[PDB]
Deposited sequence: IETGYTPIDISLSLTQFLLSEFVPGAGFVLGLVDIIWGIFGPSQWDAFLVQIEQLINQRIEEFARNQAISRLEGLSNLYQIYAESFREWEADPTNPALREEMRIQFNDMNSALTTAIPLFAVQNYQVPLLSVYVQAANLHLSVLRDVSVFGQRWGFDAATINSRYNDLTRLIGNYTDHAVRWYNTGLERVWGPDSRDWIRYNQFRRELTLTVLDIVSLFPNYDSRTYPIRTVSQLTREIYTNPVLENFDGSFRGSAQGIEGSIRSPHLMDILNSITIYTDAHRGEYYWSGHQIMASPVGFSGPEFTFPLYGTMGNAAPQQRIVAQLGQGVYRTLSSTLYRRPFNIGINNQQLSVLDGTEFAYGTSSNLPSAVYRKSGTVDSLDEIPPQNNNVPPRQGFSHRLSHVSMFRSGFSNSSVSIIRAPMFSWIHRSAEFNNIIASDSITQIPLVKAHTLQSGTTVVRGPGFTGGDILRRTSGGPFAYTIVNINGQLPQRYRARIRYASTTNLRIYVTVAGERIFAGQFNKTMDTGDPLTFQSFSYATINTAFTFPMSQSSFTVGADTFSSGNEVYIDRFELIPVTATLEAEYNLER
């Protein structure tokens, strides 16, 4: 029912079944554009108005909704026209309609996008804007790969491809511009301001940012074959903070500060919870987390203590990661609002950890279960299977916003922050043939000195690595699935430089590449480019080591790398 439900089901369709044809077009109508009436575009608008406390003026609101329902009729016609032509691609009448349907569908999308960027209303119309933007690029990709078989000429086919590459950027820049602007207009000093701030961050990551991160994959000339992306970013939930209503007039920075800093991806192995108690009320006081690197090549590190190590109950409540990991939490909150030390409480007295499998697997119950369901905020991506099987995110970290002490404090809050990484972020770095595999560099094993993980711009799928002086970036383990590959790095830089790759520690291939931006410049879609290394190579071992670095530039510049790509040579 909710747009967050719908956007996650669309994201997986754009990750797994992202090959063009009749099946891809039949999918867009069956998830988004098959809606009759306005009851689905209304909900897509309400989900952001309810968040920013401002409704779109009804003229621009009806005009945008009716413009969508107009596109919804046109694309259904375009869809059924595509299906007829694929079943018989020689019929001249089917090819003529195919050219006519695209020319009408393209022009009608070009005329409809301005209605989703109305003056002083671009932020609420954003999820609708990216929905229409995703549709415009898909049909501009169809002509680049099928237009020559429809009857289009080389000149008009090439003209539409330059529209494809230009709009992958201008749509993205518009989305990140008004995501950041909308994020700021909600951020505030007090507690309920942060709740609105993190909810805006969570719901628009799922309904906007996760979709825009896949726009580059429509480039049929950059990705001539199949490609798979990995969303490594984390989004957060707080059962204690979100379940109650009263705004704790304290620190929104203190909560945001309790979020972990940009980091390499790690697999949450286990968590040990310590239990304190106050006036006959036992609760989750603190915990300790153990995690492992991507793949499992290194040992497992343990994080410093979160919270206080209370022994009101035995510490033995260690919870592991099994099956596909933890997909869902059912927490129970304990509040205590006395009347003017006299302790206040804002803690948890129980949480169920549900496991992801295609079969039965019993939960991990800390003390007891509750009805503060993370599934209500992390909905599943597949709905025709039980949520345990069709989950969209896996638990990756459990930090905590903490405050107060049982000794000498009047108020106490122990609210763990649940970090949810996307499911597409695989446990290991699998390198596949017959497909262009994308490994975001945050999936690396270790960083070398002088390499910084920095918050991503918003369109890369996650955070990125940064370096300001020549040297290796990170060292990552790969797994290969008679094949040789071409190395391609998506990078940003303020200087001409040399990007190199090192395979198994021995052979090393490099290349001279160009700068993309000036110094003191925001990270824009145009600031990123593809640096392809010419020579192709093999992997000695079935599990290899892959180093990517950059040098030959004056110190004091900025070099960003989002990911590297491995391209099969045969295809």
| property | result |
| --- | --- |
| Sequence ranges absent from the coordinates, based on the deposited chain and numbered from 1 | 1-4, 345-347, 489-491, 582-591 |
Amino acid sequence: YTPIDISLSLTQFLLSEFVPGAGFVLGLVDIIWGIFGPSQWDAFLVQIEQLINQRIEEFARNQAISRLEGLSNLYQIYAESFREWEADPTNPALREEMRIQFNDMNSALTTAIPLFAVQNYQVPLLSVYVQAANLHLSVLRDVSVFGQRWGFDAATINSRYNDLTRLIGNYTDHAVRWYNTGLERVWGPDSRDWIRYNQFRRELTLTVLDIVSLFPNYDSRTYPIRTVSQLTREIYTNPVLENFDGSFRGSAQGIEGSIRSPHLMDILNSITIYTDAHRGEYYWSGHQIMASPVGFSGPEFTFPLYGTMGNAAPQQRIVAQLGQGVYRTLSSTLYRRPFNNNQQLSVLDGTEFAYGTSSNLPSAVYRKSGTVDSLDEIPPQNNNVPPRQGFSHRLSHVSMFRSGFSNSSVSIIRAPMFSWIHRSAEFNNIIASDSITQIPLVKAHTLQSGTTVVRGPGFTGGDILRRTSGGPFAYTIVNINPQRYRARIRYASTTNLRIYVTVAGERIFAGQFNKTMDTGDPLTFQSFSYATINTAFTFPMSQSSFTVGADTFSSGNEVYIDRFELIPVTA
From here on, numbers count along this sequence of modelled residues.
{"query": "Mean C-alpha B-factor comparison - 483-491 and 386-394, higher one", "finding": "483-491"}
{"query": "Selected stretch [higher average CA B-factor]: 236-244 or 354-362", "finding": "354-362"}
{"query": "Of the residues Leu164, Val176, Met400, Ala277, the one carrying the largest Cα B-factor as recorded", "finding": "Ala277"}
{"query": "Largest Cα B-factor, entry values, listed residues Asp349, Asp210, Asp190, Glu203", "finding": "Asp190"}
{"query": "Assigned third (lowest, middle, highest) for the C-alpha B factor of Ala22", "finding": "middle"}
{"query": "Third of the chain's Cα B-factor distribution that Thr272 belongs to, per the entry", "finding": "lowest"}
{"query": "Where the record places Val46 (Cα B-factor, split into thirds across the chain)", "finding": "highest"}
{"query": "Modelled-residue ranking by C-alpha temperature factor, third containing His263", "finding": "lowest"}
{"query": "B-factor third for the C-alpha atom of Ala154 within its chain", "finding": "highest"}
